[PDB]
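Asks: Contents of target.cif (mmCIF, N, CA, C and O atoms):
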data_model
loop_
_atom_site.label_atom_id
_atom_site.label_comp_id
_atom_site.auth_asym_id
_atom_site.auth_seq_id
_atom_site.Cartn_x
_atom_site.Cartn_y
_atom_site.Cartn_z
N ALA A 2 85.49 107.64 -72.12
CA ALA A 2 86.47 107.30 -71.10
C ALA A 2 87.61 106.48 -71.68
O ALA A 2 87.63 106.20 -72.88
N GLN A 3 88.55 106.08 -70.83
CA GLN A 3 89.70 105.31 -71.27
C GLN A 3 89.82 104.01 -70.48
O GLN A 3 90.36 103.02 -70.98
N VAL A 4 89.33 104.01 -69.25
CA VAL A 4 89.41 102.86 -68.36
C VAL A 4 88.03 102.22 -68.29
O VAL A 4 87.02 102.91 -68.06
N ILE A 5 87.97 100.91 -68.53
CA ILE A 5 86.70 100.20 -68.47
C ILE A 5 86.53 99.52 -67.12
O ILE A 5 85.41 99.22 -66.69
N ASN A 6 87.64 99.26 -66.42
CA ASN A 6 87.58 98.51 -65.18
C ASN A 6 87.16 99.39 -64.00
O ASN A 6 86.07 99.22 -63.46
N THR A 7 88.00 100.35 -63.63
CA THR A 7 87.87 101.03 -62.35
C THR A 7 87.52 102.50 -62.56
O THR A 7 88.02 103.13 -63.50
N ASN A 8 86.66 103.03 -61.69
CA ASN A 8 86.26 104.43 -61.72
C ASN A 8 86.75 105.07 -60.43
O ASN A 8 86.05 105.09 -59.42
N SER A 9 87.98 105.61 -60.47
CA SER A 9 88.56 106.22 -59.28
C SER A 9 87.92 107.57 -58.98
O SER A 9 88.04 108.09 -57.86
N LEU A 10 87.25 108.16 -59.96
CA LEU A 10 86.50 109.39 -59.72
C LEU A 10 85.41 109.17 -58.68
O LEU A 10 85.28 109.93 -57.72
N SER A 11 84.62 108.10 -58.87
CA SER A 11 83.63 107.73 -57.87
C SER A 11 84.29 107.40 -56.54
O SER A 11 83.71 107.64 -55.48
N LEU A 12 85.51 106.86 -56.58
CA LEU A 12 86.24 106.59 -55.34
C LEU A 12 86.54 107.88 -54.59
O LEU A 12 86.40 107.94 -53.36
N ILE A 13 86.96 108.93 -55.31
CA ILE A 13 87.24 110.21 -54.67
C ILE A 13 85.96 110.81 -54.10
O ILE A 13 85.94 111.30 -52.96
N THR A 14 84.87 110.78 -54.87
CA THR A 14 83.60 111.27 -54.35
C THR A 14 83.17 110.48 -53.12
O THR A 14 82.59 111.04 -52.18
N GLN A 15 83.45 109.17 -53.10
CA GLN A 15 83.13 108.35 -51.94
C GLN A 15 83.94 108.76 -50.72
O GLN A 15 83.40 108.85 -49.62
N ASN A 16 85.24 109.01 -50.91
CA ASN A 16 86.05 109.52 -49.81
C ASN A 16 85.51 110.85 -49.30
O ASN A 16 85.64 111.18 -48.12
N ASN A 17 84.91 111.64 -50.20
CA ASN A 17 84.37 112.94 -49.79
C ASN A 17 83.24 112.78 -48.77
O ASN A 17 83.09 113.62 -47.88
N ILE A 18 82.44 111.72 -48.89
CA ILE A 18 81.22 111.61 -48.10
C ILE A 18 81.52 111.36 -46.63
O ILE A 18 80.86 111.92 -45.75
N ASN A 19 82.49 110.49 -46.34
CA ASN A 19 82.65 109.99 -44.97
C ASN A 19 83.14 111.08 -44.02
O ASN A 19 82.74 111.11 -42.85
N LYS A 20 84.02 111.96 -44.49
CA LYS A 20 84.51 113.03 -43.62
C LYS A 20 83.39 113.98 -43.22
O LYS A 20 83.34 114.45 -42.08
N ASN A 21 82.47 114.27 -44.15
CA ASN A 21 81.29 115.05 -43.79
C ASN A 21 80.35 114.24 -42.91
O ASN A 21 79.66 114.80 -42.04
N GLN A 22 80.29 112.92 -43.11
CA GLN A 22 79.39 112.08 -42.33
C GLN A 22 79.80 112.04 -40.86
O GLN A 22 78.95 111.93 -39.97
N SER A 23 81.11 112.08 -40.60
CA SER A 23 81.56 112.11 -39.21
C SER A 23 81.05 113.36 -38.49
O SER A 23 80.50 113.27 -37.38
N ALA A 24 81.20 114.53 -39.11
CA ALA A 24 80.68 115.76 -38.53
C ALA A 24 79.16 115.72 -38.46
O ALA A 24 78.56 116.28 -37.54
N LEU A 25 78.52 115.06 -39.43
CA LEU A 25 77.07 114.88 -39.39
C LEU A 25 76.66 114.13 -38.13
O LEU A 25 75.79 114.59 -37.37
N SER A 26 77.28 112.98 -37.88
CA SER A 26 76.97 112.19 -36.70
C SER A 26 77.22 112.99 -35.43
O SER A 26 76.41 112.96 -34.50
N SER A 27 78.34 113.72 -35.39
CA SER A 27 78.60 114.59 -34.26
C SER A 27 77.47 115.60 -34.07
O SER A 27 77.04 115.86 -32.94
N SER A 28 76.96 116.17 -35.17
CA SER A 28 75.93 117.19 -35.07
C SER A 28 74.63 116.62 -34.51
O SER A 28 74.05 117.20 -33.59
N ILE A 29 74.14 115.51 -35.07
CA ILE A 29 72.92 114.92 -34.51
C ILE A 29 73.12 114.51 -33.06
O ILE A 29 72.24 114.74 -32.21
N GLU A 30 74.27 113.92 -32.73
CA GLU A 30 74.48 113.51 -31.34
C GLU A 30 74.52 114.72 -30.41
O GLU A 30 74.11 114.63 -29.25
N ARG A 31 74.98 115.87 -30.91
CA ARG A 31 75.06 117.06 -30.07
C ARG A 31 73.69 117.73 -29.93
O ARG A 31 73.37 118.28 -28.87
N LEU A 32 72.88 117.71 -30.99
CA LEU A 32 71.51 118.18 -30.87
C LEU A 32 70.71 117.33 -29.88
O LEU A 32 69.96 117.87 -29.06
N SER A 33 70.86 116.01 -29.96
CA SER A 33 70.10 115.14 -29.06
C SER A 33 70.54 115.33 -27.61
O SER A 33 69.70 115.45 -26.71
N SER A 34 71.84 115.35 -27.36
CA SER A 34 72.34 115.51 -26.01
C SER A 34 72.28 116.98 -25.58
O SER A 34 72.30 117.90 -26.40
N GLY A 35 72.19 117.18 -24.26
CA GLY A 35 72.21 118.54 -23.74
C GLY A 35 73.61 119.14 -23.72
O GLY A 35 73.77 120.36 -23.66
N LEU A 36 74.63 118.29 -23.78
CA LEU A 36 76.02 118.72 -23.64
C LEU A 36 76.73 118.72 -24.98
O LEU A 36 76.47 117.89 -25.85
N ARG A 37 77.64 119.69 -25.14
CA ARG A 37 78.47 119.74 -26.34
C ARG A 37 79.56 118.67 -26.30
O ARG A 37 79.88 118.06 -27.33
N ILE A 38 80.14 118.43 -25.12
CA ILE A 38 81.28 117.52 -25.01
C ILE A 38 80.84 116.08 -25.28
O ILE A 38 81.26 115.46 -26.26
N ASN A 39 79.98 115.55 -24.41
CA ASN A 39 79.35 114.24 -24.62
C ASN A 39 80.38 113.12 -24.82
O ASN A 39 80.51 112.57 -25.91
N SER A 40 81.13 112.81 -23.76
CA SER A 40 82.10 111.71 -23.81
C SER A 40 83.19 111.99 -24.84
O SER A 40 83.21 111.39 -25.92
N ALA A 41 84.11 112.90 -24.49
CA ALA A 41 84.89 113.66 -25.46
C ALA A 41 85.86 112.84 -26.29
O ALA A 41 86.98 112.54 -25.86
N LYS A 42 85.43 112.47 -27.50
CA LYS A 42 86.36 112.18 -28.57
C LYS A 42 87.22 113.39 -28.92
O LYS A 42 88.31 113.23 -29.47
N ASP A 43 86.73 114.59 -28.60
CA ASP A 43 87.46 115.85 -28.70
C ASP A 43 88.29 116.04 -27.43
O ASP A 43 88.53 115.08 -26.69
N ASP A 44 88.76 117.26 -27.19
CA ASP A 44 89.66 117.53 -26.08
C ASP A 44 89.09 117.02 -24.76
O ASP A 44 87.91 117.24 -24.45
N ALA A 45 89.92 116.31 -24.00
CA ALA A 45 89.47 115.73 -22.74
C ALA A 45 89.50 116.75 -21.61
O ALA A 45 88.89 116.54 -20.56
N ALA A 46 90.23 117.86 -21.81
CA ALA A 46 90.32 118.87 -20.76
C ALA A 46 88.95 119.45 -20.44
O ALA A 46 88.63 119.68 -19.27
N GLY A 47 88.14 119.70 -21.46
CA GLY A 47 86.80 120.22 -21.22
C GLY A 47 85.94 119.26 -20.42
O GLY A 47 85.26 119.67 -19.48
N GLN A 48 85.98 117.98 -20.78
CA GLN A 48 85.19 116.99 -20.04
C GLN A 48 85.66 116.88 -18.59
O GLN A 48 84.84 116.81 -17.67
N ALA A 49 86.98 116.86 -18.38
CA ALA A 49 87.51 116.76 -17.03
C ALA A 49 87.13 117.97 -16.19
O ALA A 49 86.72 117.84 -15.03
N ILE A 50 87.24 119.17 -16.76
CA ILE A 50 86.92 120.38 -16.01
C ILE A 50 85.42 120.45 -15.74
O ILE A 50 84.99 120.93 -14.69
N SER B 500 58.88 121.30 12.87
CA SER B 500 58.07 121.26 11.67
C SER B 500 58.74 122.02 10.52
O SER B 500 58.81 121.52 9.40
N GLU B 501 59.23 123.23 10.79
CA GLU B 501 59.87 123.98 9.71
C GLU B 501 61.16 123.29 9.28
O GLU B 501 61.50 123.29 8.09
N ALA B 502 61.86 122.67 10.23
CA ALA B 502 63.07 121.93 9.89
C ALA B 502 62.77 120.76 8.97
O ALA B 502 63.44 120.57 7.95
N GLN B 503 61.75 119.95 9.30
CA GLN B 503 61.44 118.81 8.45
C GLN B 503 60.95 119.27 7.09
O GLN B 503 61.29 118.66 6.07
N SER B 504 60.16 120.35 7.04
CA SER B 504 59.72 120.85 5.74
C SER B 504 60.91 121.29 4.90
O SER B 504 60.95 121.05 3.69
N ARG B 505 61.89 121.94 5.53
CA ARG B 505 63.08 122.36 4.80
C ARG B 505 63.89 121.17 4.31
O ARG B 505 64.43 121.19 3.19
N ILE B 506 64.01 120.12 5.13
CA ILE B 506 64.85 118.98 4.75
C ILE B 506 64.29 118.30 3.51
O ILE B 506 65.05 117.91 2.61
N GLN B 507 62.97 118.14 3.43
CA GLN B 507 62.33 117.62 2.22
C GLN B 507 61.20 118.57 1.82
O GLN B 507 60.18 118.66 2.52
N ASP B 508 61.40 119.29 0.72
CA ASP B 508 60.37 120.15 0.16
C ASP B 508 60.51 120.17 -1.35
O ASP B 508 61.61 120.02 -1.89
N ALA B 509 59.38 120.36 -2.04
CA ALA B 509 59.41 120.37 -3.50
C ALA B 509 60.20 121.56 -4.03
O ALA B 509 61.00 121.40 -4.96
N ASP B 510 60.01 122.74 -3.44
CA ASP B 510 60.70 123.96 -3.85
C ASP B 510 60.46 124.24 -5.33
O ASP B 510 61.38 124.20 -6.16
N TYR B 511 59.20 124.57 -5.64
CA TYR B 511 58.68 124.47 -7.00
C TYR B 511 59.58 125.17 -8.02
O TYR B 511 59.81 124.64 -9.12
N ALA B 512 60.08 126.35 -7.67
CA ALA B 512 60.79 127.18 -8.65
C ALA B 512 62.01 126.46 -9.22
O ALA B 512 62.46 126.76 -10.33
N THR B 513 62.55 125.50 -8.47
CA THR B 513 63.72 124.77 -8.96
C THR B 513 63.34 123.73 -10.01
O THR B 513 63.92 123.71 -11.10
N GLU B 514 62.37 122.87 -9.70
CA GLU B 514 62.11 121.74 -10.59
C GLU B 514 61.18 122.11 -11.74
O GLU B 514 61.07 121.35 -12.71
N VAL B 515 60.49 123.25 -11.65
CA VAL B 515 59.73 123.70 -12.81
C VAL B 515 60.66 123.90 -14.00
O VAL B 515 60.37 123.47 -15.13
N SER B 516 61.80 124.55 -13.77
CA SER B 516 62.80 124.69 -14.82
C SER B 516 63.29 123.33 -15.30
O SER B 516 63.51 123.13 -16.49
N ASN B 517 63.46 122.38 -14.37
CA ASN B 517 63.93 121.05 -14.76
C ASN B 517 62.93 120.35 -15.67
O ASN B 517 63.33 119.75 -16.68
N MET B 518 61.64 120.38 -15.33
CA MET B 518 60.66 119.71 -16.17
C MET B 518 60.52 120.40 -17.53
O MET B 518 60.38 119.73 -18.56
N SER B 519 60.55 121.74 -17.55
CA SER B 519 60.51 122.43 -18.83
C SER B 519 61.72 122.07 -19.68
O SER B 519 61.61 121.85 -20.89
N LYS B 520 62.89 121.99 -19.04
CA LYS B 520 64.11 121.60 -19.73
C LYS B 520 63.98 120.20 -20.32
O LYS B 520 64.36 119.96 -21.47
N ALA B 521 63.43 119.28 -19.53
CA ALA B 521 63.28 117.90 -19.98
C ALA B 521 62.31 117.80 -21.15
O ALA B 521 62.55 117.06 -22.10
N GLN B 522 61.19 118.53 -21.09
CA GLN B 522 60.25 118.53 -22.21
C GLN B 522 60.89 119.11 -23.46
O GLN B 522 60.69 118.59 -24.57
N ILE B 523 61.66 120.20 -23.32
CA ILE B 523 62.33 120.79 -24.47
C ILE B 523 63.31 119.80 -25.08
O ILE B 523 63.37 119.63 -26.30
N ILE B 524 64.09 119.12 -24.23
CA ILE B 524 65.05 118.14 -24.72
C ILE B 524 64.34 116.97 -25.40
O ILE B 524 64.80 116.45 -26.41
N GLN B 525 63.20 116.55 -24.84
CA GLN B 525 62.46 115.44 -25.44
C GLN B 525 61.94 115.81 -26.82
O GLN B 525 62.06 115.04 -27.78
N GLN B 526 61.34 117.01 -26.95
CA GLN B 526 60.84 117.44 -28.25
C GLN B 526 61.98 117.61 -29.24
O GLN B 526 61.86 117.25 -30.42
N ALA B 527 63.11 118.17 -28.79
CA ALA B 527 64.27 118.30 -29.66
C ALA B 527 64.78 116.94 -30.11
O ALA B 527 65.17 116.77 -31.27
N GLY B 528 64.77 115.96 -29.21
CA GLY B 528 65.20 114.62 -29.57
C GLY B 528 64.29 113.98 -30.60
O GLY B 528 64.75 113.35 -31.55
N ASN B 529 62.97 114.13 -30.41
CA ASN B 529 62.04 113.61 -31.41
C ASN B 529 62.26 114.28 -32.76
O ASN B 529 62.28 113.61 -33.80
N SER B 530 62.43 115.60 -32.77
CA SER B 530 62.65 116.32 -34.02
C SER B 530 63.93 115.87 -34.70
O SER B 530 63.95 115.64 -35.92
N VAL B 531 65.02 115.74 -33.94
CA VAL B 531 66.30 115.39 -34.54
C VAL B 531 66.28 113.94 -35.00
O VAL B 531 66.92 113.59 -36.00
N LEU B 532 65.55 113.07 -34.30
CA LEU B 532 65.39 111.70 -34.77
C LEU B 532 64.62 111.65 -36.08
O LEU B 532 64.97 110.89 -36.99
N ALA B 533 63.56 112.45 -36.19
CA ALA B 533 62.81 112.53 -37.44
C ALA B 533 63.70 113.07 -38.56
O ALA B 533 63.57 112.66 -39.72
N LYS B 534 64.58 114.01 -38.24
CA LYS B 534 65.48 114.55 -39.26
C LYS B 534 66.58 113.56 -39.62
O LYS B 534 67.12 113.60 -40.73
N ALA B 535 66.93 112.67 -38.69
CA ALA B 535 68.08 111.80 -38.90
C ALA B 535 67.67 110.47 -39.52
O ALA B 535 68.52 109.75 -40.06
N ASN B 536 66.39 110.11 -39.45
CA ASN B 536 65.97 108.83 -40.00
C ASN B 536 66.09 108.80 -41.52
O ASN B 536 66.00 107.72 -42.13
N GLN B 537 66.29 109.96 -42.15
CA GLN B 537 66.28 110.03 -43.61
C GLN B 537 67.65 109.69 -44.21
O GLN B 537 67.79 109.61 -45.43
N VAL B 538 68.66 109.52 -43.37
CA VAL B 538 70.03 109.28 -43.82
C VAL B 538 70.13 108.08 -44.76
O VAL B 538 70.81 108.18 -45.79
N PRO B 539 69.53 106.92 -44.46
CA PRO B 539 69.65 105.79 -45.39
C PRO B 539 68.80 105.90 -46.64
O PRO B 539 68.92 105.03 -47.52
N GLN B 540 67.96 106.93 -46.77
CA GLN B 540 66.95 106.93 -47.82
C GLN B 540 67.54 107.18 -49.21
O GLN B 540 66.95 106.74 -50.21
N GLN B 541 68.68 107.87 -49.30
CA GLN B 541 69.15 108.30 -50.61
C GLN B 541 69.67 107.14 -51.46
O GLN B 541 69.96 107.33 -52.64
N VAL B 542 69.80 105.95 -50.88
CA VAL B 542 70.38 104.83 -51.62
C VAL B 542 69.40 104.32 -52.67
O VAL B 542 69.80 103.61 -53.60
N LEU B 543 68.12 104.65 -52.53
CA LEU B 543 67.11 104.09 -53.42
C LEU B 543 67.35 104.52 -54.86
O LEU B 543 67.31 103.69 -55.78
N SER B 544 67.60 105.81 -55.08
CA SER B 544 67.86 106.29 -56.43
C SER B 544 69.19 105.77 -56.96
O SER B 544 69.38 105.65 -58.17
N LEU B 545 70.12 105.45 -56.05
CA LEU B 545 71.41 104.92 -56.47
C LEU B 545 71.26 103.61 -57.23
O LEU B 545 72.06 103.30 -58.12
N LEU B 546 70.22 102.84 -56.91
CA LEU B 546 70.13 101.47 -57.40
C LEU B 546 69.82 101.42 -58.89
O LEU B 546 70.44 100.66 -59.63
N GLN B 547 68.85 102.21 -59.34
CA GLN B 547 68.45 102.19 -60.74
C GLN B 547 68.73 103.54 -61.40
O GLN B 547 69.42 104.39 -60.84
#
Would you mind writing the structure in this file as structure tokens?

Replies:
Amino acid sequence: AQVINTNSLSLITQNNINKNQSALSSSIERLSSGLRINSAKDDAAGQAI
Amino acid sequence: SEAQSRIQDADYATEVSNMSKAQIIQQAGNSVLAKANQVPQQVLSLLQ
């Protein structure tokens, strides 16, 4: 390597995890609940209708 | 008599589906909780 201080490669891999983790949390919450919407962080039109 | 029975009656065919639905949701919740409890586990190999 060339840099002894910071590993921005691990930083990029770290950024990769959280975006998948959000969809992960959505998936478990949707499996547990009977409803797909479930207090819509997504479109509110579906929840209202 | 028929009026009072109609006003409050179990009407089995309706709530049988409800109880089956509730049991299915409960089992699904237990399964998904068992699948989701493993999320913090991967940090162990990270340490050493």

Asks: Would you list which chain B residues are within 6 Å of chain A using only N, CA, C and O atoms, as a VMD selection string?

Replies: chain B and resid 524 527 to 528

Asks: Which of chain A counts as helix (DSSP H, G or I) under DSSP, as a VMD selection string please?

Replies: chain A and resid 9 to 33 45 to 49

Asks: Would you mind exporting N, CA, C and O atoms of the selected residues as a tab-separated table (two decimals), in the coordinates of the input?

Replies:
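File written: selection08.tsv
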chain	number	residue	atom	x	y	z
A	9	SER	N	87.98	105.61	-60.47
A	9	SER	CA	88.56	106.22	-59.28
A	9	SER	C	87.92	107.57	-58.98
A	9	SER	O	88.04	108.09	-57.86
A	10	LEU	N	87.25	108.16	-59.96
A	10	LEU	CA	86.50	109.39	-59.72
A	10	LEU	C	85.41	109.17	-58.68
A	10	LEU	O	85.28	109.93	-57.72
A	11	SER	N	84.62	108.10	-58.87
A	11	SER	CA	83.63	107.73	-57.87
A	11	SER	C	84.29	107.40	-56.54
A	11	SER	O	83.71	107.64	-55.48
A	12	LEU	N	85.51	106.86	-56.58
A	12	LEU	CA	86.24	106.59	-55.34
A	12	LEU	C	86.54	107.88	-54.59
A	12	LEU	O	86.40	107.94	-53.36
A	13	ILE	N	86.96	108.93	-55.31
A	13	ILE	CA	87.24	110.21	-54.67
A	13	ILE	C	85.96	110.81	-54.10
A	13	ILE	O	85.94	111.30	-52.96
A	14	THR	N	84.87	110.78	-54.87
A	14	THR	CA	83.60	111.27	-54.35
A	14	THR	C	83.17	110.48	-53.12
A	14	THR	O	82.59	111.04	-52.18
A	15	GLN	N	83.45	109.17	-53.10
A	15	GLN	CA	83.13	108.35	-51.94
A	15	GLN	C	83.94	108.76	-50.72
A	15	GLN	O	83.40	108.85	-49.62
A	16	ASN	N	85.24	109.01	-50.91
A	16	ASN	CA	86.05	109.52	-49.81
A	16	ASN	C	85.51	110.85	-49.30
A	16	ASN	O	85.64	111.18	-48.12
A	17	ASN	N	84.91	111.64	-50.20
A	17	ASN	CA	84.37	112.94	-49.79
A	17	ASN	C	83.24	112.78	-48.77
A	17	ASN	O	83.09	113.62	-47.88
A	18	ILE	N	82.44	111.72	-48.89
A	18	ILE	CA	81.22	111.61	-48.10
A	18	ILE	C	81.52	111.36	-46.63
A	18	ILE	O	80.86	111.92	-45.75
A	19	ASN	N	82.49	110.49	-46.34
A	19	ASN	CA	82.65	109.99	-44.97
A	19	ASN	C	83.14	111.08	-44.02
A	19	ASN	O	82.74	111.11	-42.85
A	20	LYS	N	84.02	111.96	-44.49
A	20	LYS	CA	84.51	113.03	-43.62
A	20	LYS	C	83.39	113.98	-43.22
A	20	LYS	O	83.34	114.45	-42.08
A	21	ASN	N	82.47	114.27	-44.15
A	21	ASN	CA	81.29	115.05	-43.79
A	21	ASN	C	80.35	114.24	-42.91
A	21	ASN	O	79.66	114.80	-42.04
A	22	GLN	N	80.29	112.92	-43.11
A	22	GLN	CA	79.39	112.08	-42.33
A	22	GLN	C	79.80	112.04	-40.86
A	22	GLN	O	78.95	111.93	-39.97
A	23	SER	N	81.11	112.08	-40.60
A	23	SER	CA	81.56	112.11	-39.21
A	23	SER	C	81.05	113.36	-38.49
A	23	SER	O	80.50	113.27	-37.38
A	24	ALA	N	81.20	114.53	-39.11
A	24	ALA	CA	80.68	115.76	-38.53
A	24	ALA	C	79.16	115.72	-38.46
A	24	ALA	O	78.56	116.28	-37.54
A	25	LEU	N	78.52	115.06	-39.43
A	25	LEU	CA	77.07	114.88	-39.39
A	25	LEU	C	76.66	114.13	-38.13
A	25	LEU	O	75.79	114.59	-37.37
A	26	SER	N	77.28	112.98	-37.88
A	26	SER	CA	76.97	112.19	-36.70
A	26	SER	C	77.22	112.99	-35.43
A	26	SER	O	76.41	112.96	-34.50
A	27	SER	N	78.34	113.72	-35.39
A	27	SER	CA	78.60	114.59	-34.26
A	27	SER	C	77.47	115.60	-34.07
A	27	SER	O	77.04	115.86	-32.94
A	28	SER	N	76.96	116.17	-35.17
A	28	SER	CA	75.93	117.19	-35.07
A	28	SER	C	74.63	116.62	-34.51
A	28	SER	O	74.05	117.20	-33.59
A	29	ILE	N	74.14	115.51	-35.07
A	29	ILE	CA	72.92	114.92	-34.51
A	29	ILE	C	73.12	114.51	-33.06
A	29	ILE	O	72.24	114.74	-32.21
A	30	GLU	N	74.27	113.92	-32.73
A	30	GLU	CA	74.48	113.51	-31.34
A	30	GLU	C	74.52	114.72	-30.41
A	30	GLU	O	74.11	114.63	-29.25
A	31	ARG	N	74.98	115.87	-30.91
A	31	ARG	CA	75.06	117.06	-30.07
A	31	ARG	C	73.69	117.73	-29.93
A	31	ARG	O	73.37	118.28	-28.87
A	32	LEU	N	72.88	117.71	-30.99
A	32	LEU	CA	71.51	118.18	-30.87
A	32	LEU	C	70.71	117.33	-29.88
A	32	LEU	O	69.96	117.87	-29.06
A	33	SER	N	70.86	116.01	-29.96
A	33	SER	CA	70.10	115.14	-29.06
A	33	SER	C	70.54	115.33	-27.61
A	33	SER	O	69.70	115.45	-26.71
A	45	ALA	N	89.92	116.31	-24.00
A	45	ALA	CA	89.47	115.73	-22.74
A	45	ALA	C	89.50	116.75	-21.61
A	45	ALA	O	88.89	116.54	-20.56
A	46	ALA	N	90.23	117.86	-21.81
A	46	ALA	CA	90.32	118.87	-20.76
A	46	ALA	C	88.95	119.45	-20.44
A	46	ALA	O	88.63	119.68	-19.27
A	47	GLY	N	88.14	119.70	-21.46
A	47	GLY	CA	86.80	120.22	-21.22
A	47	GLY	C	85.94	119.26	-20.42
A	47	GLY	O	85.26	119.67	-19.48
A	48	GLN	N	85.98	117.98	-20.78
A	48	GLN	CA	85.19	116.99	-20.04
A	48	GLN	C	85.66	116.88	-18.59
A	48	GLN	O	84.84	116.81	-17.67
A	49	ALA	N	86.98	116.86	-18.38
A	49	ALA	CA	87.51	116.76	-17.03
A	49	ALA	C	87.13	117.97	-16.19
A	49	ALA	O	86.72	117.84	-15.03

Asks: Between atom CA of residue B:540 and atom CA of residue A:10, what is the spacing in Å?

Replies: 23.0 Å

Asks: By how many Å are atom CA of residue A:19 and atom CA of residue A:44 apart?

Replies: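 Between atom CA of residue A:19 and atom CA of residue A:44 the gap works out to 21.5 Å.
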
Asks: Just the number, please: distance in Å from atom CA of residue B:511 to atom CA of residue B:529, one decimal.

Replies: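 About the pair atom CA of residue B:511 and atom CA of residue B:529: they are 26.9 Å apart.
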